[PDB]
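Let me begin by presenting the structure, written as structure tokens, before commenting on it.
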Amino acid sequence: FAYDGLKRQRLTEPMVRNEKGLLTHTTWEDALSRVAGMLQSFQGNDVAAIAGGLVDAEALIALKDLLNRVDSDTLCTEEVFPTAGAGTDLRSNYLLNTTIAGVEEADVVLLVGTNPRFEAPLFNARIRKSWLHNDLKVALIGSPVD
Amino acid sequence: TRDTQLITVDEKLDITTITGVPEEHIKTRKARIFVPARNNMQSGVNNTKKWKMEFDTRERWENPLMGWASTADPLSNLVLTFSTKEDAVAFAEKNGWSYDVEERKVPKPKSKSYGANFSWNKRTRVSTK
Amino acid sequence: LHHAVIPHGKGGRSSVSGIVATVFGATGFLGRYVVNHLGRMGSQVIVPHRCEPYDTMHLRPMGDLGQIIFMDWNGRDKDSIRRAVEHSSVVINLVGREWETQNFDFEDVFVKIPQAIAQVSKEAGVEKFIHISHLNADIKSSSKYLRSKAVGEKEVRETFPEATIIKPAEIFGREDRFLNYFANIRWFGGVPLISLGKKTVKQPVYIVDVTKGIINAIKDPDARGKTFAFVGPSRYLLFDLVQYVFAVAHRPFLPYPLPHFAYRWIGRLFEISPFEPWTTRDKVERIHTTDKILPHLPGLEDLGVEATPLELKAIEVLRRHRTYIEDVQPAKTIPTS
Amino acid sequence: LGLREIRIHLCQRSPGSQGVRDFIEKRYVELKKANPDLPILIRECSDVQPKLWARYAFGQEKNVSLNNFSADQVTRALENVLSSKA
Amino acid sequence: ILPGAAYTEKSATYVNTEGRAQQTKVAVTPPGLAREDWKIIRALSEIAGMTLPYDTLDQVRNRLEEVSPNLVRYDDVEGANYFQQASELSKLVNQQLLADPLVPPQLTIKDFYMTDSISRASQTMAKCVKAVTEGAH
Amino acid sequence: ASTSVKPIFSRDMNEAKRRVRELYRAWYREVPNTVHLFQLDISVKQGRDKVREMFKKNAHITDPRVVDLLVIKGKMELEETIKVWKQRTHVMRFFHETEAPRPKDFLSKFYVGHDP
Amino acid sequence: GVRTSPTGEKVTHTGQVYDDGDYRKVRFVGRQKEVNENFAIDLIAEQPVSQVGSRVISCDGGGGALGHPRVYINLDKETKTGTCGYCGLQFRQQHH
Amino acid sequence: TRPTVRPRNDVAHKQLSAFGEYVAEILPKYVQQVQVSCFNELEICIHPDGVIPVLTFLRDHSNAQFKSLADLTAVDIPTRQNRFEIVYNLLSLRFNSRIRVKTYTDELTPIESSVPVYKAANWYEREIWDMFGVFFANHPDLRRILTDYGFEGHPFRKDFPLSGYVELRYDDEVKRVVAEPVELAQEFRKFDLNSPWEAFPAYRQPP
Ligand SMILES: NC(=O)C1=CN([C@@H]2O[C@H](COP(=O)(O)OP(=O)(O)OC[C@H]3O[C@@H](n4cnc5c(N)ncnc54)[C@H](OP(=O)(O)O)[C@@H]3O)[C@@H](O)[C@H]2O)C=CC1
Ligand SMILES: [Zn+2]
């Protein structure tokens, strides 16, 4: 039902700050020239990027390649994941390794610091399915959510 | 067998030059080869039997006079039907279309037991009918 | 950009160019080409017209449904001007006449009307204004046409400072009054020429080149507030040009000299006609005006238009004037600057 | 001008990646100790030819094929990357 | 501000919590002057004199394969190993847990409906928050 | 096998190439008459360059049967022109005179729309 | 009913009206904007509620086969009328 | 019988079946399949090499005498290796009977012209060439018949778009009719009409 948010508050034109400090519509030519001018004058740690929660892989790699060409490595995401130890060197460190369908084969589940009902509702439905049909035992460390 | 004298041709079959399609709608198009998903609003499965080929969606804009949906894409409505995935791929190759194939998604067999509704010691016992 | 003027489509008849253009003088030679180019790409074109609706019928097929709108207007009524411009983003002034009538003289068409359009367009909030002047506009010219052009050009620049002023040379094309003018001199045995067609150098420009230049000016943010000169690639002697014109039309060419005084009476003699004169004193003075060289002004190449050689398009214009091997003999061109 | 990132691609089962798999199991932990702040992205994918990617300053990248390498060849291939810039 | 496209308006790759790569398909083109997001960056790189080496969607996906090959294996889950190696590096630096108890950011249904820009702009999601808070009335 | 097929006219590319060159000669000699007969505003050079451009775009074919059909179609096109079944509009449709030049670089396409 | 926008253009019963900067209103210059002035929403609201003496009532829109498909309307709720989904007529149970 | 149900004619069904076997026994070199429909129409499916021999036998044989070529057309079925099905519908005035002869071809395989057998076939084969792009060998005058001169493509192929690729208008600048890529003020609206429930069990196909 959230698809109706796609019809509201949409960004439809490039915008730059005018002399009064207000965002005003402009052309793609003009907006990119302003951005390109700044990017050509900064290098290294002077340039950084943050990627939000809805960005696609094609956009992520393109931005990383662009910032790498000014020798910047500050490509960040809003969502934290600890970098101590292996960090992101090993995929197994940050994946759901059992897989969603593997929940139906488990015989005990320990949930830690998560409300899967709201963070991943379809994943929580898979747990309930196994709780119902496989008599799965579920334990929770955290707040006692329903 | 035949009285007609055949020839040997090892070329890959390609008919792009003799189909009359403009260059734009051969090389810049992406064909999608898939078995349509069941419309979740209904239980009938009869529309999931055949393979389909469709093309990448392109711009539609509002007609200034009436607000109708205009298009400049001649392939916007073209949908082809195929018996097998291999037939669909063969058709796309000889026409020079780049394509992606999506494997068919058959529902997995389920274990259904009415008696389970009334289990003595399991959670499948229903609280209502 | 308001959501209705964002461009959509692929530049064809059913696309949305985002241009909303009021084209004054759309019913004439240059106007038909301008409207056609706006219509091709899916622009909204407002066509104020003074003439009969029957005289605007050739414009109707040039746009998709609803894309050509026709309004009545009067050059002396500023309210009719306001109704036609108040929704437009660009106003193009192609109003002009090669002769004077009882109701309108050269001051009216080239000074008062262009100033009225410019002033109303500025008050209406129109963003772009394109005004067609003349390459040889000059207040010292013997041609009253060219003197009014100079005065009108100055007033438009004062009224609408961000206006784009285009100053073309004599324009040739199917419906031109240039190559067709010379071809129709043959319709009388005499072929007069001030001096012998010497001392007059011409640099004519192709109609489509002017049209593309105007269209590219609408789309070019740089072009605002500038004055352009649209000229062809090759300069010619008036005698060579007319000789070439007759050669392409397969006509017998009989030159004979004349001074202005004997060339002004023939001009006066046909000025008596209650319609478009075949010729007039002013037309002769303009034809025998050497085309100015104005290297301080940008031209067609600054707008990304390649000037079309006259030799590549003369047949297109003059084929209808033929009586019924294509040696042609290209006319001699003055050495380039 | 120095090294910025290391990526190791390999298959989970193919014999052509056996040496790369051995290197990870035996030597990756020690490699990561010595290079605490160097990204060493290990990315497994079935049926790929193993490769070593090195990204240097300003987006320049080198790749070295590791197909059929031993664990020791992989070690030397990584040593050259760590030592020689580009 | 550079207007990009939403997930309904582009063919883009997303990797889910299992590591399975999947791609959206264009349902409608982006509104107004908005553009596909990787094309904005590719266009920016050309203006800046740092042109990226891909001009089509297939080319930028070939680039994805050079960084992480699993990103173009659509609808496939690629297993990841080396838990022991990860656990060895994890024990090298000992960090102390904080005392504060684990509290999820979402405790009740009212916190479910609005969690991103699309849902925060949804008028339907706003009615849902009102219903669970105020009531049916 | 499945590569043993029925020919159209040519049993191999060398036979097919002969027909191509014969068709090209026929078109080459027709252009001057076409420009005169249809009273076109293009030069004979422009017409012959257009003929060469049409032949070049199919230079990569290696299947004799495909080449046979290209020649068969090319000959039908020639017959339409020689017999004056075409009108001047049909002949001028090879030159796309009213179509504006669509941009080809990445940036120019990026500015105008969404198509690759 | 028919109201007007600040620019002077009439608002249709569907709420349509070109805003101030919309060039498309040029199509109405020297001509007119066709608007139907019998707003069905206002007309149906003028109709009185029928009081009936049963829990369920049926409506076919009047005129038999010249109306709409016959539907049956439940009137158990006393906090609202029963409305016909086809023609918008309203019914209310008297007493109960 | 049932007032709303079409009555069956079992005598004609048996007669057509027996004649179908008769044809298959006489021309085994070419006949691949013979079938009779529930509404009593006989179809002979043949190898494309058999066009002239089979049609000649059906026209001239004393027990056939199919003198009239009622219709000749093609059907495009993209899922088949030989996508084009060529259908000959013949009529016998002597025996007051009809028969359908079918064969196949692909985009590059010529079919033999049947003009020697039926002079009616001349224009029918030009139409098949024009609309489907099937070439007919030794046709006296094979060229487009229905499409515009210089038209590109074969519009009855299932993968040719309904509205084509180009459209026409008069252009005042060049003073002639010109062709340009097709743009539609209103796009044709594709409807998905098929029910997801099977309608005809008798025609069900193996999974
Ligand atoms: N053609 C050339 O060689 C050159 C032309 N120019 C300028 O270009 C512009 C147009 O050229 P061209 O198109 O050849 O001129 P045309 O005479 O071909 O068309 C003139 C236009 O002006 C309109 N017009 C004339 N007088 C009046 C008036 N009194 N009130 C209202 N409308 C009027 C006419 O409308 P109606 O049809 O109602 O009379 C017509 O649409 C003119 O300004 C001309 O000076 C500049 C340099 C050279
Ligand atoms: Zn009712």
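Cβ sites come from the backbone with ideal geometry, for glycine too, and all protein chains shown count toward neighbours. Quick note: the coordinates plus some simple rules give every number you see, no bench work behind them.
How big is the Rg/Rh ratio for chain D, C-alpha atoms only, Rh by Kirkwood, two decimals? Walk me through the numbers before you get to the answer.
Details: Rg = 12.2 Å, Rh = 12.9 Å.
Dividing the radius of gyration by the Kirkwood radius yields 0.95.
Beyond 17 Å, what percent of the Cα pairs of the range C:1-149 remain?
Counting pairs separated by more than 17 Å, the tail of P(r) holds 62 percent.
Work out how much length residue E:123 to residue E:27 would gain on full extension: take 0.36 nm times their residue separation and subtract the Cα-Cα distance, in nm to one decimal.
Answer, rounded to one decimal: 32.4 nm.
For the range D:19-36, in order, what is each residue's ³J(HN,Hα) by Karplus, 6.51 cos²θ - 1.76 cosθ + 1.60 with θ = phi - 60°, in whole Hz (x at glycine and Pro)?
Per residue, the Karplus-derived 3J(HN,Hα) values read x, 4, 4, 4, 4, 4, 5, 9, 10, 4, 4, 5, 4, 6, 4, 5, 10, x Hz.
Any chance you could get the radius of gyration and Dmax over the Cα atoms of chain H, in Å?
When restricted to Cα atoms, chain H yields Rg and Dmax of 21.4, 71 Å.
Mean projection of the alpha-carbon convex hull of the range E:43-117 over all orientations, in nm²?
If you wrap the Cα atoms of the range E:43-117 in a convex hull and average its projections, you get 11.1 nm².
Over what distance in Å are the Cα centres of the range G:8-47 and the range B:30-48 separated?
Spelled out, the Cα-based centre of one part sits 42 Å from the other.
Throw me the Rg/Rh for chain F, computed over C-alpha atoms with Kirkwood Rh, two decimals.
Reported Rg/Rh (Cα atoms, Kirkwood Rh): 1.08.
If we count every other residue with Cβ under 12 angstrom of residue B:123's Cβ, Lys/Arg +1 and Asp/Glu -1, where does the sum land? Could the numbers behind the result be given before it?
Numbers: positive: A:128, A:129, A:137, B:122, B:125; negative: A:135.
For residues surrounding residue B:123, the net value is +4.
If you line up the Cα atoms of the range E:6-91 on their principal axes, what length do they span on each, largest first, in Å?
Principal axes ranked by extent give 51, 33, 22 Å for the Cα atoms.
Over chain A, with a Gaussian network built from C-alpha contacts below 10 Å, which listed residue (A:12, A:99, A:77) shows the highest mean-square fluctuation?
Of A:12, A:99, A:77, the Gaussian network model singles out A:12 as fluctuating most.
Round to a whole angstrom and tell me the spacing of the C-alpha centers of the range B:60-82 and the range E:1-54.
23
Under a straight-distance cross-link criterion of Cα-Cα below 20 Å, which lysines are reachable from residue E:91, leaving out those fewer than 8 residues away in the same chain?
Answer for residue E:91, where 20 Å is the Cα cut-off: D:26, D:32, D:33, listed by chain and number.
Going from the alpha-carbon gyration tensor of the protein assembly as shown, what semi-axes, largest first and in whole Å, does one get by taking the root of 5 times each eigenvalue?
After scaling each eigenvalue by five and taking roots: 61, 48, 39 Å.
Could you give the nm distance between label points at residue G:31 and residue D:84, where each point is 7 Å from its Cα heading toward the beta carbon?
Result: 7.6 nm between the two label points.
Compute log10 of I(q)/I(0) for chain G with the Debye formula, placing one identical point scatterer on every Cα and leaving out solvent, at q = 0.10 Å⁻¹, to two decimals.
Once normalised to I(0) and log-transformed, intensities are -0.47.
At 0.36 nm per residue, and after removing the present C-alpha to C-alpha distance, how many nm does the segment from residue E:83 to residue E:136 gain when stretched out fully?
Working: separation 53, 0.36 × 53 = 19.08 nm, distance 4.99 nm.
So the chain would gain 14.1 nm between residue E:83 and residue E:136.
Compute the separation of the alpha-carbon centres of the range E:88-130 and the range A:1-48 and state it in Å as a whole number.
If you average the Cα positions of each part, the centres end up 29 Å apart.
Normalised by the empirical 2.2 N^0.38 Å for globular proteins, what value does the Cα Rg of the range H:63-110 take?
For the range H:63-110, the normalised Cα radius of gyration comes out at 1.39.
Using helices alone, I'd like the mean residue ellipticity at 222 nm for the protein assembly as shown: each DSSP H run of four-plus residues gives -39500 (n - 2.57), total over residue count, nearest 500. Working shown, then result.
Values: 33 runs with 344 residues, N = 1254.
So the helix-based figure for the protein assembly as shown works out to -8000 deg cm²/dmol.
Once both labels are modelled 7 Å past Cα along the beta-carbon direction, what's the residue H:168-residue C:270 spacing in nm?
4.0
Once a ≥ b ≥ c are taken as the square roots of the eigenvalues of the Cα gyration tensor of chain A, is the result rounded (a/c under 1.5), prolate (a/b larger than b/c) or oblate (a/b not larger than b/c)?
Note, shape of chain A comes out prolate.
When the scattering of the range C:67-134 is computed by the Debye formula from its Cα atoms alone, each counted once and equally, what is log10 I(q)/I(0) at q = 0.12, 0.15 Å⁻¹?
Result of the Debye calculation: -0.31, -0.48.
Report for chain B the percent antiparallel among DSSP-assigned beta bridges with both residues inside it, nearest 5.
The antiparallel fraction comes to roughly 70 percent.
Kirkwood Rh, Cα Rg: Rg to Rh for chain B?
1.22
Mind listing the long-range amide H neighbours of residue C:72? Cut-off is under 5 Å, sequence gap 5 or more, other chains count too, H placed in the peptide plane at 1.01 Å from N.
C:49
Nearest 5 percent is fine: what portion of the DSSP beta bridges confined to chain D is antiparallel?
That works out to approximately 70 percent antiparallel.
Cross-link list C:167/C:199; B:50/B:129; C:128/G:25; C:122/C:167: which exceed 26 angstrom alpha carbon to alpha carbon? Mind showing how you got there, number by number?
Details: C:167/C:199 22 Å; B:50/B:129 37 Å; C:128/G:25 20 Å; C:122/C:167 21 Å.
Too far apart for the 26 Å limit: B:50/B:129.
List E:133, B:128, C:323 from most exposed to least, where exposure is judged by having the fewest other Cβ atoms within 10 Å.
Placing the least packed residue first, the sequence is B:128, C:323, E:133.
If I build a Gaussian network model for chain B, linking alpha-carbon pairs within less than 10 angstrom, which residue out of B:103, B:62, B:93 has the largest mean-square fluctuation?
Taking springs between Cα atoms under 10 Å, the residue moving most is B:62.
Return an integer: the convex hull volume of the alpha-carbon atoms of the range C:253-309, in Å³ per residue.
Given the Cα convex hull of the range C:253-309, per-residue volume reads 172 Å³.
What FRET efficiency do you get for residue A:12 and residue B:12 if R0 is 56 Å and r is their Cβ-Cβ distance, rounded to the nearest 0.05? Spell out each step's value before the answer.
Numbers: r = 45 Å, r/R0 = 0.81.
That gives a FRET efficiency of 0.80.
Using DSSP, restrict attention to beta bridges with both residues in the protein assembly as shown and report what percent are antiparallel, rounded to the nearest 5.
55
Strictly greater than 34 Å: what percent of every Cα pair in chain C meets that?
That tail contains 25 percent of the Cα-Cα pairs.
Testing the spin-label approximation: label points 7 Å from Cα along Cα→Cβ at residue D:14 and residue H:1. State their distance in nm.
Modelled inter-label distance: 6.7 nm.
Which angle between 0 and 90 degrees, to the nearest 10, do you get for helix H:51-60 versus the longest principal axis of chain H when only C-alpha atoms count?
The helix H:51-60 is inclined about 50 degrees to chain H.
Which residue fluctuates most in the GNM of chain E (Cα springs below 10 Å): E:121, E:48, E:80?
Fluctuation is largest for E:121.
Could you bin all the Cα-Cα distances of the range C:109-236 into 5 Å bins starting at 0 and give me the percent of pairs in each, rounded to whole numbers?
For the range C:109-236, the pair-distance distribution reads 2, 10, 16, 19, 20, 14, 9, 5, 3, 1, 0.
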